[PDB]
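S.K.: Okay, handing you the structure first.
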Amino acid sequence: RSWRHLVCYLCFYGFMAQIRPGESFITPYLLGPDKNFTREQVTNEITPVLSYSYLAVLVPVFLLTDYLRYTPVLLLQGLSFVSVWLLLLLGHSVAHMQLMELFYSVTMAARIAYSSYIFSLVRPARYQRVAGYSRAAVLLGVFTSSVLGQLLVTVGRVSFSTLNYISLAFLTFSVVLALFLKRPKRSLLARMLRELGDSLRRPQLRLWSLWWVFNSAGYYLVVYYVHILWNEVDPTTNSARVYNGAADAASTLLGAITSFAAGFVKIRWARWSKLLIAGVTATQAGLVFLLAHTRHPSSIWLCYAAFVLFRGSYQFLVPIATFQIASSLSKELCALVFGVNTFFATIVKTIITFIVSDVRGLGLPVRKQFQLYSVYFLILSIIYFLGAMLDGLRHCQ
């Protein structure tokens, strides 16, 4: 009886909090006529601050979430989203946008807290069902937010400034709603070290761990800079012409459908893993190279298709990795295993972005940067293919 109230309220809160209309249109807004911002300043100054701040903030945020009750951190995440949008709306110089990226890193940092919170509150026996409902609700919210924003701008022909104002009310409502949710009762050691040592010896785990470390950072870099590349391809003379949100919605739908597929044959494809990684990485590298090589104004639709295909391809691979990693370990150690992996991936991403894009260095523009990322992904694919071939060589004997 009373259980249903919280069961629906958690899903409602998640769905409402994923309603960010202007998130996908932030990059065009920065380059819009109303703001005297150059593309090179955006590409060389802002996102490096995002990456560095993410690396700086990750570990303390997770440790605070685990030590403290989750509800404070969830409220902090909502408040951080509010602050990010306020700074974006009132940003007046490059330093303001740098601070905005600093705050947005915090919001990005606490996304994983939600799953742990839901796991803590719900009874262990009923955890699976409620977790599935929550994942469905949050994915639906993410899918509908971009659709709502893009449809509002496209046919409504509303200006960009209006869109962010509309988004602000939704963010305020999200934080207000989040404030109410009840805090978990009680979710607060050589055994952990022994378990980590024992599990680490497993062969299957290391491959996926390295994949998560490197390919994840590459994918995140591509995701960050793709919007700037799109703006470079075509000027946004008219607000309606842009369809950034539509690509995000399509990518969300494709990722959902393909992730559904992974579970269908996750076990049946366990034996063949290196070859699968090589094949997927090859397609990702080809798509990145295609994005880099497209310069004609009228091919923009094909660029959108390549991007949605790339994001879908990356999304397809995640569930298999999560399943393979989780099986050996236990719930207690899973969060630590994921956290360490995430931290190493962020360190790698920080190094790469500081080298390629950060000032006081190469500082290459977006085009050559994507051209370099293409070679990076191709090298990863070649390494995986060579490893698979070496493994197969012994199998014959």
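Just so we're on the same page: first chain in the structure tokens is A, next is B, and so on; residues restart at 1 for each chain, and ligands are numbered from 1 in the order they show up.
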Near range 135-140 of chain A, within 9 Å and counting only C-alpha atoms, which residues show up once chain neighbours fewer than 6 positions away are dropped, as a short mmCIF file (atom, residue, chain, number, x, y, z; two decimals) with N, CA and C atoms, in the first residue's frame?

M.R.:
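What landed in result.cif:
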```cif
data_model
loop_
_atom_site.label_atom_id
_atom_site.label_comp_id
_atom_site.auth_asym_id
_atom_site.auth_seq_id
_atom_site.Cartn_x
_atom_site.Cartn_y
_atom_site.Cartn_z
N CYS A 11 10.37 7.48 -9.12
CA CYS A 11 10.37 7.56 -10.58
C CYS A 11 9.94 8.94 -11.05
N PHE A 12 8.93 9.52 -10.40
CA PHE A 12 8.48 10.85 -10.77
C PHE A 12 9.60 11.86 -10.60
N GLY A 14 12.88 11.34 -10.58
CA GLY A 14 13.92 11.15 -11.58
C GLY A 14 13.51 11.70 -12.94
N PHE A 15 12.29 11.36 -13.37
CA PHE A 15 11.81 11.81 -14.66
C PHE A 15 11.76 13.33 -14.72
N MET A 16 11.26 13.97 -13.66
CA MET A 16 11.19 15.42 -13.64
C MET A 16 12.57 16.05 -13.65
N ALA A 17 13.52 15.45 -12.92
CA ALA A 17 14.86 16.02 -12.82
C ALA A 17 15.67 15.84 -14.09
N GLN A 18 15.29 14.89 -14.94
CA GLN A 18 15.97 14.75 -16.22
C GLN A 18 15.44 15.70 -17.29
N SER A 115 21.78 5.78 -8.45
CA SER A 115 21.59 4.34 -8.43
C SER A 115 21.89 3.77 -7.05
N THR A 252 19.69 8.88 -28.11
CA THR A 252 19.12 8.25 -26.92
C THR A 252 18.26 7.05 -27.30
N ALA A 256 19.06 3.14 -26.36
CA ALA A 256 18.12 2.31 -25.62
C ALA A 256 17.86 1.00 -26.35
#
```

S.K.: Taking the backbone alone, and naming residues the way the document does, which bits of range 145-206 of chain A are helix (DSSP H, G or I) by DSSP, as a PyMOL selection string?

M.R.: chain A and resi 145-156+160-180+190-200+203-206

S.K.: Given the choices A:225, A:230, A:384, A:104, which gets closest to residue 83 in chain A if the distance is worked out from only C-alpha atoms?

M.R.: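 When distances to residue 83 in chain A are compared using only C-alpha atoms, the smallest one comes from A:104.
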
S.K.: Excluding residue 313 in chain A and its own-chain neighbours fewer than 4 positions away, which residues fall within 9 Å of it when counting only C-alpha atoms? Please give them as a CSV table (one decimal) with N, CA, C and O atoms, in the first residue's frame.

M.R.:
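To be explicit, this is the file written out as selection29.csv:
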```
chain,number,residue,atom,x,y,z
A,254,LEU,N,18.4,5.2,-30.1
A,254,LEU,CA,19.2,4.1,-30.6
A,254,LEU,C,20.0,3.4,-29.5
A,254,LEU,O,20.1,2.2,-29.5
A,255,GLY,N,20.5,4.2,-28.6
A,255,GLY,CA,21.2,3.6,-27.4
A,255,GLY,C,20.3,2.7,-26.6
A,255,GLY,O,20.7,1.6,-26.2
A,258,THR,N,19.5,-0.6,-28.7
A,258,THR,CA,20.7,-1.4,-28.8
A,258,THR,C,21.1,-2.0,-27.5
A,258,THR,O,21.6,-3.2,-27.4
A,280,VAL,N,33.8,-3.4,-33.1
A,280,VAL,CA,33.1,-2.2,-32.8
A,280,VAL,C,34.0,-0.9,-32.8
A,280,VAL,O,33.6,0.1,-33.3
A,281,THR,N,35.3,-1.1,-32.4
A,281,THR,CA,36.2,0.0,-32.4
A,281,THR,C,36.5,0.4,-33.8
A,281,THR,O,36.8,1.6,-34.0
A,283,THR,N,34.5,0.4,-36.4
A,283,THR,CA,33.4,1.2,-36.8
A,283,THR,C,33.4,2.5,-36.2
A,283,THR,O,33.2,3.6,-36.8
A,284,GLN,N,33.7,2.6,-34.9
A,284,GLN,CA,33.8,3.9,-34.2
A,284,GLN,C,34.9,4.8,-34.8
A,284,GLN,O,34.7,6.0,-35.0
A,308,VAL,N,25.1,10.0,-34.6
A,308,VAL,CA,24.1,9.2,-33.9
A,308,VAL,C,24.5,7.7,-34.0
A,308,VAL,O,24.4,7.0,-33.0
A,309,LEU,N,25.1,7.3,-35.1
A,309,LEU,CA,25.6,6.0,-35.3
A,309,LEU,C,26.7,5.7,-34.3
A,309,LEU,O,26.8,4.6,-33.7
A,317,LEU,N,28.1,-1.2,-26.4
A,317,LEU,CA,29.1,-2.0,-25.8
A,317,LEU,C,29.1,-1.9,-24.3
A,317,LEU,O,29.6,-2.8,-23.6
```

S.K.: Write out as a PyMOL selection string each polymer residue whose atoms come within 10 Å of residue 221 in chain A, counting only C-alpha atoms; drop sequence neighbours fewer than 2 positions from it.

M.R.: chain A and resi 47+51+215-219+223-226+349-350+352-353+370+373

S.K.: Which neighbours of residue 166 in chain A fall inside 12 Å, counting only C-alpha atoms, when residues of the same chain fewer than 3 positions from it are skipped, and could you give them as a ChimeraX atom specification?

M.R.: /A:19-23,85,89,148-149,152-153,158-163,169-173

S.K.: Can you spit out the residues from that selection as a compact mmCIF listing (two decimals), in the first residue's frame, using N, CA, C and O atoms?

M.R.:
```txt
# COMPACT_ATOMS: atom_id res chain seq x y z
N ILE A 19 14.50 16.58 -16.94
CA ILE A 19 13.88 17.48 -17.91
C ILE A 19 14.75 18.74 -17.96
O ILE A 19 14.51 19.71 -17.24
N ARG A 20 15.76 18.71 -18.82
CA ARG A 20 16.57 19.89 -19.09
C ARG A 20 16.41 20.27 -20.55
O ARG A 20 17.06 19.66 -21.41
N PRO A 21 15.58 21.26 -20.88
CA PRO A 21 15.35 21.56 -22.30
C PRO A 21 16.56 22.12 -23.01
O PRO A 21 16.86 21.71 -24.14
N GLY A 22 17.28 23.05 -22.39
CA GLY A 22 18.35 23.75 -23.06
C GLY A 22 19.71 23.10 -22.99
O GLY A 22 20.68 23.68 -23.48
N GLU A 23 19.82 21.90 -22.41
CA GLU A 23 21.13 21.29 -22.24
C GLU A 23 21.79 21.03 -23.58
O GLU A 23 22.99 21.30 -23.75
N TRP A 85 22.90 26.74 -14.79
CA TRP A 85 22.03 27.45 -15.71
C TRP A 85 22.04 28.95 -15.43
O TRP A 85 22.02 29.76 -16.36
N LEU A 89 23.16 31.76 -18.11
CA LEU A 89 22.25 32.83 -18.50
C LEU A 89 22.91 34.20 -18.32
O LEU A 89 22.79 35.07 -19.19
N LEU A 148 11.55 17.56 -26.22
CA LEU A 148 10.73 18.72 -25.87
C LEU A 148 11.42 20.01 -26.28
O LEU A 148 10.82 20.87 -26.93
N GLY A 149 12.69 20.16 -25.91
CA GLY A 149 13.39 21.40 -26.24
C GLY A 149 13.50 21.62 -27.74
O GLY A 149 13.21 22.71 -28.24
N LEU A 152 10.14 22.42 -29.27
CA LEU A 152 9.73 23.77 -28.89
C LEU A 152 10.42 24.81 -29.76
O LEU A 152 9.79 25.75 -30.26
N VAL A 153 11.74 24.66 -29.95
CA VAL A 153 12.46 25.65 -30.75
C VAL A 153 12.09 25.54 -32.23
O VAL A 153 11.92 26.55 -32.92
N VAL A 158 10.91 29.78 -31.05
CA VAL A 158 11.30 30.58 -29.90
C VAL A 158 12.79 30.88 -29.96
O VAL A 158 13.59 30.11 -30.52
N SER A 159 13.18 32.02 -29.39
CA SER A 159 14.58 32.40 -29.37
C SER A 159 15.34 31.58 -28.33
O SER A 159 14.76 30.95 -27.44
N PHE A 160 16.67 31.59 -28.45
CA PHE A 160 17.49 30.81 -27.54
C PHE A 160 17.36 31.30 -26.10
O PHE A 160 17.23 30.50 -25.17
N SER A 161 17.37 32.62 -25.90
CA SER A 161 17.27 33.16 -24.55
C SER A 161 15.98 32.69 -23.87
O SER A 161 15.99 32.33 -22.69
N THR A 162 14.88 32.67 -24.62
CA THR A 162 13.62 32.19 -24.06
C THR A 162 13.73 30.73 -23.63
O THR A 162 13.19 30.34 -22.58
N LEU A 163 14.44 29.92 -24.42
CA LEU A 163 14.54 28.50 -24.11
C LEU A 163 15.22 28.28 -22.76
O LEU A 163 14.77 27.46 -21.96
N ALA A 169 12.85 27.34 -14.99
CA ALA A 169 11.72 26.99 -14.15
C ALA A 169 11.66 25.49 -13.90
O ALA A 169 11.37 25.04 -12.79
N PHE A 170 11.93 24.69 -14.94
CA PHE A 170 11.95 23.25 -14.77
C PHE A 170 13.03 22.83 -13.78
O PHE A 170 12.80 21.95 -12.94
N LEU A 171 14.21 23.44 -13.86
CA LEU A 171 15.27 23.11 -12.91
C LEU A 171 14.86 23.47 -11.48
O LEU A 171 15.11 22.71 -10.54
N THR A 172 14.24 24.64 -11.31
CA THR A 172 13.79 25.05 -9.98
C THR A 172 12.77 24.06 -9.43
O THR A 172 12.84 23.67 -8.26
N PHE A 173 11.82 23.65 -10.27
CA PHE A 173 10.83 22.67 -9.83
C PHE A 173 11.50 21.35 -9.48
O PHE A 173 11.11 20.69 -8.51
```

S.K.: Report, in Å with one decimal, the straight-line distance from CA of residue 227 in chain A to CA of residue 303 in chain A.

M.R.: 11.0 Å

S.K.: Report, in Å to a single decimal, how far apart CA of residue 45 in chain A and CA of residue 287 in chain A are.

M.R.: 26.2 Å

S.K.: Sort by chain and increasing residue number a table of all residues of range 107-150 of chain A within 8 Å of range 71-76 of chain A, each with its closest pair of atoms and their distance in Å to one decimal, counting only C-alpha atoms, and write it as CSV.

M.R.:
```
residue,atom,partner,partner_atom,distance
A:110,CA,A:73,CA,7.5
A:113,CA,A:74,CA,7.4
A:114,CA,A:74,CA,7.3
A:117,CA,A:71,CA,7.9
```

S.K.: Which of these, A:93, A:150, A:251, A:237, has the shortest distance to residue 316 in chain A once you count only C-alpha atoms?

M.R.: A:251

S.K.: Need to verify the contact set: residue 59 in chain A, 10 Å, only C-alpha atoms, exclusion of same-chain residues closer than 2 positions in sequence. Can you return it as a ChimeraX atom specification?

M.R.: /A:54-57,61-65,109,339-340,342-343

S.K.: Of the residues A:285, A:326, A:320, A:125, which is the one nearest to residue 306 in chain A, using only C-alpha atoms?

M.R.: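 The closest residue to residue 306 in chain A is A:285.
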
S.K.: Check the smallest atom-to-atom distance from each of A:279, A:363, A:286, A:60 to residue 42 in chain A using only C-alpha atoms, then report the winner.

M.R.: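 Result for the nearest residue to residue 42 in chain A: A:363.
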
S.K.: Report, in Å to a single decimal, how far apart CA of residue 118 in chain A and CA of residue 185 in chain A are.

M.R.: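 Calculated distance between CA of residue 185 in chain A and CA of residue 118 in chain A is 12.0 Å.
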
S.K.: Out of A:79, A:157, A:337, A:389, which residue has the shortest atom-to-atom distance to residue 238 in chain A when counting only C-alpha atoms?

M.R.: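 Of A:79, A:157, A:337, A:389, the one nearest residue 238 in chain A, counting only C-alpha atoms, is A:157.
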
S.K.: Could you pull the residues within 8 Å of residue 98 in chain A, counting only C-alpha atoms, minus those fewer than 6 positions along the same chain, as an MDAnalysis selection string?

M.R.: chainID A and resid 45:46 49:50

S.K.: Generate a file of the selected residues that holds N, CA and C atoms, formatted as a PDB file, in the first residue's frame.

M.R.:
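Written file, selection-v3.pdb:
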```pdb
ATOM      1  N   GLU A  45      39.656  27.101 -24.355  1.00  0.00           N
ATOM      2  CA  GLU A  45      39.614  27.579 -22.981  1.00  0.00           C
ATOM      3  C   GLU A  45      38.583  26.856 -22.130  1.00  0.00           C
ATOM      4  N   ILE A  46      37.369  26.672 -22.647  1.00  0.00           N
ATOM      5  CA  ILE A  46      36.242  26.295 -21.797  1.00  0.00           C
ATOM      6  C   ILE A  46      36.294  24.807 -21.448  1.00  0.00           C
ATOM      7  N   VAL A  49      38.656  23.408 -18.985  1.00  0.00           N
ATOM      8  CA  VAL A  49      38.261  23.670 -17.606  1.00  0.00           C
ATOM      9  C   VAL A  49      37.256  22.627 -17.140  1.00  0.00           C
ATOM     10  N   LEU A  50      36.297  22.273 -17.998  1.00  0.00           N
ATOM     11  CA  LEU A  50      35.359  21.205 -17.661  1.00  0.00           C
ATOM     12  C   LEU A  50      36.106  19.929 -17.299  1.00  0.00           C
TER      13      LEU A  50
END
```

S.K.: Which one is closest to residue 333 in chain A: A:191, A:297, A:361, A:318? Count only C-alpha atoms.

M.R.: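 Of A:191, A:297, A:361, A:318, the one nearest residue 333 in chain A, counting only C-alpha atoms, is A:191.
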